Every structure is written in C-alpha cells, then in structure tokens.
Amino acid sequence: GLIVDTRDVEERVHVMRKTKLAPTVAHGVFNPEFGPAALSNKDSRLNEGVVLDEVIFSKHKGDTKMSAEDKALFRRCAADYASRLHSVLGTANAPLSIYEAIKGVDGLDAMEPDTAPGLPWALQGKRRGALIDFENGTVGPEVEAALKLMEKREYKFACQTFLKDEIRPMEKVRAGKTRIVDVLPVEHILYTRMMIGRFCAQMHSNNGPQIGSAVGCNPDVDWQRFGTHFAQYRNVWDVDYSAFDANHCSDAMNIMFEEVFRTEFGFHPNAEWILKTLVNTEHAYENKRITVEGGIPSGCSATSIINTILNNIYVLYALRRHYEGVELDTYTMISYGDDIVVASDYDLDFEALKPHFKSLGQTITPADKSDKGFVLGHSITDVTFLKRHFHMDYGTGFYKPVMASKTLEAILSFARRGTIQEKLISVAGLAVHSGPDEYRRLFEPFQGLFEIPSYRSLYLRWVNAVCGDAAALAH
RNA sequence: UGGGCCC
RNA sequence: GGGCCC
Ligand SMILES: [Mg+2]
Ligand SMILES: [Mg+2]
C-alpha cells in the first residue's frame, strides 16, 4: 500500500529477535542455500549497510488509483465472480454465534487458544486465554465491549508487526527481505469469523476450479482432482506475483467487499464493514506507528480467502480489459492466496496482460524461471502450485504432489529445539512422493538417531488416501 | 500469525 | 502441541 504517515511514539512494541530455528544433523550433509530469516538489525549474515527496518516496508510502493471505467469494469467482474461463487455455495451466510466462531464448524477449524492476542493486549501481558474462554466458547468483558463497538461500527484498532521467523533462501536472508506478520487483535478475528465464518466454511468444503479456490484442500488427495482437470486444457500458465498482499489497491478491495459480501447474498450488514477496516490500517513496529492505505494485513481472519477471491477477479478483469467477450467459461483457474494456476484452450497472451494487472498495481511475471515472457503449450506437469509439482505416479496412475529436493533438504536442515522427531514424521508425508531412492537419501543423516517412517508405510497410506478403490484393487 | 491441510 | 503450504 501507501505509507501516508510515520509517527514516533514513546510506547515501544518489542519484536521477536533471535531465531528459534536451529540447524539439524542434515544441515552438515546437505548444506542448503537456505537459512533462518534475519531478525536483528545487526545480524552477522546481513549485507553491509542494510537496515532491516527499511526493507520490511519497501513492499509499500503506493496505493494505485483506478479510473471510473476500470472501477466499473472491476465491479462488473467482482459481481460476475460473486454470482458463480454464491451460486455454488448457496446463501446461508448469516452470522456465526460467538461459540461457533471460537470452536469452528464443519469446514472451519477452531481459533488457536494460545496464539498472539494483538493490540492493545500485548502491552498488558495478556494471553488469549485471559480474554476468551476457548473451552466454553465464551468471551470476557474486554472482548464483549469491543464487540459492542464493532456492532456500532465505531471500533478502532492497530496491527502488531511481527518478524516472520522462517526458513528462507540465503539470498533473501542476505538482502534482509524478512517477511512480516500483521497480528490483528483477537476480537477482530473473532468478529470477522462471526461475519463471514460460514461463508469461509462453505468455501473450504467446495474447493476446486469451479470456484477457483484451493483453500481447504489436501494436496495428497486433491492433486488427482486438480491434475486431471488442468491436463484437459491446451495451455497452462504458472503466474507469479510480487508482493500480492501489499499491492491490493483500496479501489479493488473496497469494490470486491461491496460486491461479494452483499446482504442479498445472506450476509449481515457488518460483513462488508469489518472487511473494509482492513483497507486503511495503522501498524505498530517498535517505536514507530505507521499508517498505510491499501494492501491486506496477514493476521486477518480469511486473509487467504480474500486473496483468493481477489486473484479470481483480477484474472477476469485483466482478460476483459484486453479482449472482448471474455466470460468465466473462457478459462479455468485455481488459486490459494497469491499462488495461481491458470488454463485455457484459447491461446491467451499473458505477456500483453502485464499492463492490465498494473492498472490494479499488480506485477505478473512468469514462474517458469526468469524466461523471456509467458509462452504457450505448457501443461500441468510443468507448473508449481503450493511448492508442489504435478507428477504421475508410476504404479497407481494418479497425480501426486512432488516438492523439489532442494526445498525438502532446506526444510529438513532446520528445526525448533525438541520438535525434530515430530517434524521428521510430517515431512516424511511430503517426501514420500519424491520416490523410494530420494526418500532414502533425504532421511539418510537421521538414520539411527530418530524414527524414520518406512517408504512402504506412507505409500500405502497415500494410496488409500487418494482413493479407497485402488488400495482394495491391489487385493 | 491468519485461512487451510497433516500427525 | 508440533510440522508444511499460503
Ligand atoms: Mg485464531
Ligand atoms: Mg506459482
């Protein structure tokens, strides 16, 4: 977005310095070009003269303004996508009860009982369990008074900036390109879940290209469903964005919320309101308070769904700005936030679409390396979605999600102290698709020191997961 | 850390 | 309570 004001206040909000990610035995074997993100201004691995505070907010390069015609076109696209979306999901979008918003429903997982509470509770030393009863599904006086203000639409808040402690390519670690989490207040997440939680539940349940959303998917079983779909098409594109989250313009966000979350679609009048509070935001980072116009905070409830929805509308908007007669049947797409796979039988020109995404403030680039522009003919077996390739399983004849070995090495090279055994078992569930030999190699530095699931046990587990039939057919 | 999915 | 993706 656009940074409009940078206040210096006396109250300092501390951020998590020093990584909790420790090198594992595998790090010495694989030596990956990956490492924990820089968390301190004077980190020894940082490039000379690089101030960490400056790089964090370098993504904020302006809140791009749209003309009336682009806004009317956008409204049209948001309405058209909203039509398809609500046609599939239905219109049972009435507010969730407090109990349901805390504990979740079918499709929506419960709120995390002991994550960050946000502001101003962070300045009071309070955990989430001090404000909200997660077992009973009830809230205390503080949250209830805040819910009263949100009912009245008078609620004001700030976002707590957190440095994302994560494994990153050493280039971005050296560039100081640490990603940040905008931690929102716990009552905000609660109310957003009350306003749009049922909608979010229905989205997860109905994931697939029909609604253009992979939010709620299980790549183990759904790679078959998505894989067969996109292979059916002449052209497939792996479209990359740069700072997709931050570059959502206030025009696009506002219109999207107005078109998708209308009361005629079953929503409470405040669904549109609570989401609109995400457009213009105040962020607290240490000594500085930074006011931003545009972009989406990451700690928001439904941030992935909002991003997914926007992604769908962007692609429709771009094509309609360049071509005539472009409808929702003209192409097919799946997304998960910024991650996107597009396909069509029309030889569409995504290189020509670049400026049309720029009118929304988005920069599209080919994922297929730094190759000279978007090209045609590419299939689903060439693209990457959710850091996973689409690869045919020799034996079963099903698509499987395959991660790059360099990434799997990176993941296995670092762990939070004491979580290493548990990490190995979950990552095994990812590594199984790389094949028996590569599976053996990835866990080779761990043999004798930990329990490593056999290749056979996870392969038979995956076979049953993707389909109960072929597992029984093997008998 | 939010919206998943997995143990 | 972890891990992955986003
Ligand atoms: Mg939560
Ligand atoms: Mg991609």
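Below, chain A is the first sequence line, B the second, and so on; all start at residue 1.
Spacing between atom CD of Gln202(A) and atom P of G3(B) amounts to 17 Å, rounded to whole angstrom units. Summarising the geometry, the separation between CZ on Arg168(A) and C1' on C6(C) is reported as 12 Å, rounded to the nearest angstrom. Whole-Å rounding puts the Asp240(A) CG to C6(C) P distance at 10 Å. In this entry the distance linking CG of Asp222(A) with P of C5(C) reads 18 Å, nearest Å. One can place CZ of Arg127(A) at 15 Å from P of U1(B), the figure rounded to the nearest angstrom. If you take CD1 of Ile425(A) and P of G3(C), they are 13 Å apart, rounded to a whole angstrom. Atom CG of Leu310(A) and atom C1' of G3(B) are 14 Å apart (whole Å). Here the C1' atom of nucleotide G1(C) and the NZ atom of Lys20(A) are 14 Å apart, to the nearest Å.
Remark: the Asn307(A) side chain and the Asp338(A) side chain contain no N/O donor-acceptor pair separated by less than 3.5 Å. Side-chain polar atoms of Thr308(A) and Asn311(A) form no donor-acceptor pair below 3.5 angstrom. No donor-acceptor contact under 3.5 angstrom links the side chains of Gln160(A) and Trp121(A), judged on distance only.
Between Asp106(A) and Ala201(A), the shortest heavy-atom contact is O-CB, 3.7 Å. When all heavy atoms of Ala37(A) and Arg168(A) are compared, the pair lying nearest together is CB-CG, 4.1 Å.
The residue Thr303(A) sits close to a base: some heavy atom pair falls under 4.0 Å. Within 4.0 Å (heavy atoms only), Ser301(A) reaches sugar-phosphate atoms of the nucleic acid but no base atom. Counting any heavy atom pair closer than 4.0 Å across all strands shown, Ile411(A) reaches sugar-phosphate atoms only and no base atom. Looking at heavy-atom distances under 4.0 Å, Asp338(A) makes contact with sugar-phosphate atoms alone, never a base. The residue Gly216(A) sits close only to the backbone: its heavy atoms come under 4.0 Å of sugar-phosphate atoms, none of a base.
Taking the side chain of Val215(A) as heavy atoms from C-beta on, and the options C4(C), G2(B), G4(B), the nearest nucleotide is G4(B). Out of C4(C), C6(B), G2(B), the shortest distance to the side chain of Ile189(A) is found at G2(B). When each of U1(B), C5(C), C4(C) is scored by its nearest atom to the side-chain atoms of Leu430(A), the top-ranked nucleotide is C4(C). Considering only the side chain of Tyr336(A), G4(B) comes nearest among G4(B), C4(C), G2(B). Of all nucleotides listed (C5(B), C6(C), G2(C)), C5(B) comes nearest to the side chain of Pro219(A). Side chain of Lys423(A), nearest nucleotide from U1(B), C4(C), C5(C): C4(C).
A side-chain hydrogen bond (donor to acceptor under 3.5 Å, both in side chains) with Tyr285(A) is found for one member of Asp53(A), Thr161(A), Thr6(A) and no other, namely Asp53(A).
Searching all strands for a Watson-Crick or G-U wobble partner of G2(B) with both distances below 3.5 Å returns nothing.
Not one side-chain nitrogen or oxygen of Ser304(A) sits closer than 4.0 Å to the OP1 or OP2 atom of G4(B). Taking side-chain N and O atoms only, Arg461(A) has no distance below 4.0 Å to OP1 or OP2 of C6(B). Applying the 4.0 Å criterion to OP1 and OP2 of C4(C), one finds that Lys387(A) has every side-chain N and O outside that range. Here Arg179(A) does not reach the OP1 or OP2 of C6(C): none of its side-chain N or O atoms lies under 4.0 Å away. OP1 or OP2 of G3(C) sits under 4.0 Å from a side-chain N or O of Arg416(A).
Position along RNA chain B of the nearest nucleotide to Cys217(A) versus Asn307(A) favours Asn307(A) as the more 5'-ward residue.
A heavy atom closer than 4.0 Å to some atom of RNA chain B occurs in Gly107(A), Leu108(A), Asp109(A), these being the qualifying members of residues 104-112 of chain A.
Here the OG1 atom belonging to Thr24(A) is positioned 5.0 Å from the CD1 atom belonging to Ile420(A), to the nearest 0.5 angstrom. Residue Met111(A) holds its CE atom at 4.5 Å from CZ of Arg128(A), rounded to the nearest 0.5 Å.
The ring pair (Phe, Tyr, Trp, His ring centres under 6.0 Å) check on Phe267(A) picks up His86(A), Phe199(A), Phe261(A), with sequence neighbours excluded.
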